[PDB]
$ cat run_14.csv   # CSV, C-alpha atoms
chain,number,residue,atom,x,y,z
A,56,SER,CA,170.1,162.6,139.4
A,57,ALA,CA,167.9,160.0,141.1
A,58,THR,CA,165.2,161.0,138.6
A,59,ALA,CA,167.5,160.4,135.6
A,60,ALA,CA,168.1,156.9,136.9
A,61,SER,CA,164.3,156.4,137.1
A,62,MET,CA,163.9,157.5,133.5
A,63,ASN,CA,166.4,154.8,132.7
A,64,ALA,CA,163.9,152.4,134.4
A,65,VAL,CA,161.0,153.8,132.4
A,66,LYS,CA,162.4,153.2,128.9
A,67,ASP,CA,162.4,149.4,129.1
A,68,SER,CA,158.7,149.3,130.0
A,69,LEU,CA,157.9,151.4,127.0
A,70,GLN,CA,160.0,149.1,124.8
A,71,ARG,CA,158.2,146.0,126.2
A,72,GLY,CA,154.9,147.6,125.3
A,73,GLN,CA,156.1,148.1,121.8
A,74,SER,CA,157.0,144.4,121.5
A,75,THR,CA,153.7,143.1,122.7
A,76,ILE,CA,151.9,145.3,120.2
A,77,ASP,CA,154.0,144.0,117.4
A,78,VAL,CA,153.1,140.4,118.2
A,79,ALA,CA,149.5,141.4,118.3
A,80,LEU,CA,149.8,143.1,114.9
A,81,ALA,CA,151.3,140.0,113.3
A,82,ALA,CA,148.5,137.8,114.5
A,83,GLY,CA,146.0,140.4,113.3
A,84,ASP,CA,147.4,140.4,109.8
A,85,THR,CA,147.1,136.7,109.6
A,86,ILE,CA,143.5,136.9,111.0
A,87,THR,CA,142.5,139.5,108.4
A,88,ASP,CA,143.8,137.3,105.6
A,89,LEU,CA,141.8,134.4,106.9
A,90,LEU,CA,138.7,136.5,107.2
A,91,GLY,CA,139.0,137.5,103.5
A,92,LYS,CA,139.3,133.9,102.5
A,93,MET,CA,136.3,133.0,104.6
A,94,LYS,CA,134.2,135.6,102.9
A,95,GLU,CA,135.2,134.2,99.6
A,96,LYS,CA,134.1,130.7,100.7
A,97,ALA,CA,130.8,131.9,102.0
A,98,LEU,CA,130.1,133.9,98.9
A,99,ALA,CA,130.8,130.9,96.7
A,100,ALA,CA,128.6,128.7,98.7
A,101,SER,CA,125.6,131.1,98.6
A,102,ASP,CA,124.9,129.9,95.1
A,103,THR,CA,121.6,128.1,94.6
A,104,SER,CA,122.7,126.4,91.3
A,105,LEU,CA,125.2,124.4,93.2
A,106,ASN,CA,125.4,120.6,93.5
A,107,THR,CA,124.8,118.9,96.8
A,108,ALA,CA,128.3,117.6,97.0
A,109,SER,CA,130.1,121.0,96.6
A,110,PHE,CA,128.2,122.7,99.4
A,111,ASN,CA,129.7,120.2,101.9
A,112,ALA,CA,133.2,120.9,100.7
A,113,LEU,CA,132.8,124.6,100.9
A,114,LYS,CA,131.3,124.3,104.4
A,115,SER,CA,134.2,122.1,105.6
A,116,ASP,CA,136.6,124.7,104.2
A,117,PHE,CA,134.8,127.4,106.1
A,118,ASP,CA,135.0,125.4,109.3
A,119,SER,CA,138.7,124.8,108.9
A,120,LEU,CA,139.3,128.5,108.4
A,121,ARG,CA,137.3,129.4,111.5
A,122,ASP,CA,139.3,127.0,113.6
A,123,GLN,CA,142.5,128.5,112.1
A,124,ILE,CA,141.4,132.0,113.1
A,125,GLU,CA,140.8,130.8,116.7
A,126,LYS,CA,144.2,129.2,116.9
A,127,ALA,CA,146.0,132.2,115.4
A,128,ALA,CA,144.2,134.5,117.9
A,129,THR,CA,144.9,132.6,121.1
A,130,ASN,CA,148.6,132.1,120.4
A,131,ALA,CA,149.5,135.8,120.2
A,132,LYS,CA,151.1,136.2,123.6
A,133,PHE,CA,154.4,137.9,124.5
A,134,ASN,CA,155.8,137.2,128.0
A,135,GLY,CA,152.4,135.7,129.0
A,136,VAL,CA,150.6,139.1,128.5
A,137,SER,CA,148.6,139.9,125.3
A,138,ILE,CA,146.2,142.5,124.0
A,139,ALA,CA,144.5,140.4,121.3
A,140,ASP,CA,143.1,137.3,123.1
A,141,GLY,CA,140.7,139.2,125.3
A,142,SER,CA,142.1,138.2,128.7
A,143,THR,CA,142.2,141.7,130.3
A,144,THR,CA,140.7,145.1,129.6
A,145,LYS,CA,143.7,147.3,129.3
A,146,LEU,CA,147.5,147.4,129.8
A,147,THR,CA,149.2,150.3,131.5
A,148,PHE,CA,152.9,151.0,130.9
A,149,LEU,CA,155.2,153.5,132.6
A,150,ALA,CA,155.5,157.0,131.1
A,151,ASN,CA,156.8,159.2,133.9
A,152,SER,CA,159.5,159.0,136.5
A,153,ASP,CA,156.7,159.4,139.2
A,154,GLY,CA,154.5,156.5,138.2
A,155,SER,CA,152.0,158.2,135.9
A,156,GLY,CA,150.9,155.7,133.2
A,157,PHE,CA,150.5,155.3,129.5
A,158,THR,CA,147.2,153.4,128.9
A,159,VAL,CA,146.6,151.1,126.0
A,160,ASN,CA,143.1,149.6,125.8
A,161,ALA,CA,142.6,146.0,124.8
A,162,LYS,CA,141.4,145.2,121.3
A,163,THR,CA,140.2,141.6,121.3
A,164,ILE,CA,140.4,140.0,117.8
B,165,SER,CA,142.0,101.8,101.4
B,166,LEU,CA,139.5,99.4,100.0
B,167,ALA,CA,138.0,98.8,103.4
B,168,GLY,CA,137.9,102.5,104.1
B,169,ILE,CA,135.7,103.5,101.2
B,170,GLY,CA,133.5,100.5,101.5
B,171,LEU,CA,134.7,98.8,98.4
B,172,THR,CA,135.5,95.5,100.1
B,173,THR,CA,138.3,93.6,98.5
B,174,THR,CA,137.6,90.5,96.5
B,175,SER,CA,134.2,91.9,95.5
B,176,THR,CA,133.3,91.6,91.9
B,177,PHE,CA,130.2,91.0,89.7
B,178,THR,CA,129.4,87.5,88.5
B,179,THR,CA,126.5,88.3,86.3
B,180,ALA,CA,125.3,91.2,84.1
B,181,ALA,CA,123.0,92.3,86.9
B,182,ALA,CA,125.5,92.8,89.8
B,183,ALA,CA,127.2,95.4,87.6
B,184,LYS,CA,124.1,97.6,87.7
B,185,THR,CA,124.6,97.9,91.4
B,186,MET,CA,128.4,98.0,91.2
B,187,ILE,CA,128.0,101.2,89.2
B,188,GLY,CA,126.4,102.9,92.2
B,189,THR,CA,128.9,101.3,94.6
B,190,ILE,CA,131.8,102.8,92.7
B,191,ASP,CA,130.0,106.2,92.5
B,192,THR,CA,129.6,106.3,96.3
B,193,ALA,CA,133.2,105.1,96.7
B,194,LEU,CA,134.5,107.9,94.5
B,195,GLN,CA,132.4,110.5,96.3
B,196,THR,CA,133.6,109.6,99.8
B,197,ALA,CA,137.2,109.3,98.6
B,198,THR,CA,137.2,112.8,97.1
B,199,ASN,CA,135.6,114.1,100.3
B,200,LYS,CA,138.4,112.6,102.5
B,201,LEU,CA,141.1,114.0,100.2
B,202,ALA,CA,139.5,117.5,100.3
B,203,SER,CA,139.6,117.3,104.1
B,204,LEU,CA,143.3,116.2,104.0
B,205,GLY,CA,144.1,119.2,101.8
B,206,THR,CA,142.4,121.6,104.1
B,207,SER,CA,144.4,120.2,107.1
B,208,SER,CA,147.6,120.7,105.2
B,209,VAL,CA,146.8,124.3,104.5
B,210,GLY,CA,146.1,124.8,108.2
B,211,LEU,CA,149.5,123.4,109.1
B,212,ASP,CA,151.2,125.8,106.7
B,213,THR,CA,149.4,128.8,108.1
B,214,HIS,CA,150.2,127.9,111.7
B,215,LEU,CA,153.9,127.3,110.8
B,216,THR,CA,154.1,130.8,109.3
B,217,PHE,CA,152.6,132.3,112.5
B,218,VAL,CA,155.0,130.3,114.7
B,219,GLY,CA,157.9,131.8,112.8

$ encode --input "run_14.csv" --output "structure tokens"
Amino acid sequence: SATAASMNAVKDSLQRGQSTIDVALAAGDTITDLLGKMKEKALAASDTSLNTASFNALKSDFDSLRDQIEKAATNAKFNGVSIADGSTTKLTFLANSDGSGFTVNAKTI
Amino acid sequence: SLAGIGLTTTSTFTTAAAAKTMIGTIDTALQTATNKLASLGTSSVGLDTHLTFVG
């Protein structure tokens, strides 16, 4: 029965891992949308028939969107630990009542 | 404001020759004003995006 109590201890760690990955996924969706918009801006600015005063506007839009991606990426922490900023190489959660782990590598975005 | 875009309040054209340069002054003023407003719009969009993420 001691082992059943330990399983009760394991389930919370599994749930916490789920939560961190959800936060990362939300930030990632925002980042992918921003990247699409940045591609659109760069494609529009690649035109050689463009005026000198529109190129600057498109460049400033690009720069704003890049700063946005950076902010959106560094804010995606749950409980101080995150798998999208690039702070650590992997996160290991509990998976067995004897200590063996569930490994989740880090996917910096 | 008038100082910000370089217009300079109480700045007119007394003869038919100062207008030839006032044309260019107003062109530069309009350009820089539109640039500043574009930057403001970009910043507003950024605020909206970050608010969504905070939610």

$ interface_residues --input "run_14.csv" --of "chain B" --to "chain A" --cutoff "9 Å" --atoms "only C-alpha atoms" --output "PyMOL selection string"
chain B and resi 195+199+202-203+206-207+210+213-214+217-218

$ atom_distance --input "run_14.csv" --atom1 "CA of residue 133 in chain A" --atom2 "CA of residue 145 in chain A"
15.0 Å

$ closest_residue --input "run_14.csv" --among "A:94, A:154, A:105, A:148" --to "residue 68 in chain A" --atoms "all atoms listed in the file"
A:148

$ residues_around --input "run_14.csv" --residues "range 182-188 of chain B" --least-positions-apart "5" --cutoff "12 Å" --atoms "all atoms listed in the file" --output "PyMOL selection string"
chain B and resi 170-172+175-177+193-195

$ atom_distance --input "run_14.csv" --atom1 "CA of residue 147 in chain A" --atom2 "CA of residue 80 in chain A"
18.1 Å

$ residues_near_point --input "run_14.csv" --point "(150.7, 137.5, 127.1)" --cutoff "12 Å" --atoms "all atoms listed in the file" --output "PyMOL selection string"
chain A and resi 71-72+74-76+78-79+128-143+146+161

$ closest_residue --input "run_14.csv" --among "A:107, A:163, A:101, A:63" --to "residue 149 in chain A" --atoms "all atoms listed in the file"
A:63

$ atom_distance --input "run_14.csv" --atom1 "CA of residue 162 in chain A" --atom2 "CA of residue 97 in chain A"
25.7 Å

$ axis_aligned_box --input "run_14.csv" --around "range 174-189 of chain B" --padding-each-side "4 Å" --output "lines of an AutoDock Vina configuration file"
center_x = 130.3
center_y = 95.2
center_z = 90.3
size_x = 22.6
size_y = 23.4
size_z = 20.4
